[PDB]
Each structure stands twice: as C-alpha cells, then as structure tokens.
Amino acid sequence: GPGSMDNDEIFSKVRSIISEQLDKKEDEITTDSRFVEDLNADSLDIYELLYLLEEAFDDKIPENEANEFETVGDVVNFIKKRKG
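Cut-offs and rules
- Residues numbered from 1 in each chain as written, not as in the entry; some residues may be left out.
- Heavy atoms only, no water.
- UniProt positions renumbered as here; feature names shortened; annotations may be inferred.
- Salt bridge = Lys/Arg side-chain N within 4 Å of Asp/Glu carboxyl O.
- Helix = DSSP H or I, 4+ residues; strand = E, 2+ residues; numbered from the N terminus.
- Buried < 20%, exposed > 50% of the residue type's maximum accessible area, 1.4 Å probe, protein only.

The PDB entry lists the protein chain under the name Acyl carrier protein, with Borrelia burgdorferi as the source organism. Per the header of the deposited record, the title is "Solution Structure of acyl carrier protein from Borrelia burgdorferi". UniProt lists a comment for the protein chain under the heading Subcellular location, and it reads "Cytoplasm". Per UniProt, the comment on the protein chain under Sequence similarities is "Belongs to the acyl carrier protein (ACP) family."

## Some words on the pattern of salt bridges
Summed over all chains, the structure comprises three salt bridges. The partner of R15 in a salt bridge is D38, with the nearest N and O atoms 3.8 Å apart. Of this pair, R15 sits in helix α1 (residues 7-22) while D38 sits in the loop between α2 (34-37) and α3 (43-57), and the two are 23 residues apart along the sequence. Both residues of the pair, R15 and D38, belong to the buried class.

Now the structure itself:
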C-alpha cells in the first residue's frame, strides 16, 4: 500500500526525535491529545514555538492557520502539506 513520501516523512521524522522521551507514537494524532498529552509541556511554551515557526513561513497563525486550526493534529497535517 501507499504511505511512502516526504509528505508523511516530515511529521514522522520530527516525531522520531521526541519519541525518545515522549515514548509515544506519531500516529497518536488526535484532538484529545493536544500539547499537554502529545507534547511534554503546556501551550505556554508552545506559544513561542508556533509563533516563531509561522514567521519562517510568513503566515499568521491565528489568522491563516485559524482557518482550520484546533489541536496538534491540525498543525501536523498542516506543516506536512505546507512543506511537502
């Protein structure tokens, strides 16, 4: 079956790093996880994380991303296609 491309390698590769400490699966993408469950911190620290991340792509988070933003799952599929 399919599933072989940089598209599904970006979110996977990135998660492969945190997976060490997080010891979680990248397939845990869900709105019931958020940074609290998925990430090892709170949105407090994530604020600057995404804030600076969007600056690298030149796009408003609460404006552009807001079009379809909700939880980590959204950012995953977002940065996935955003870069490809």
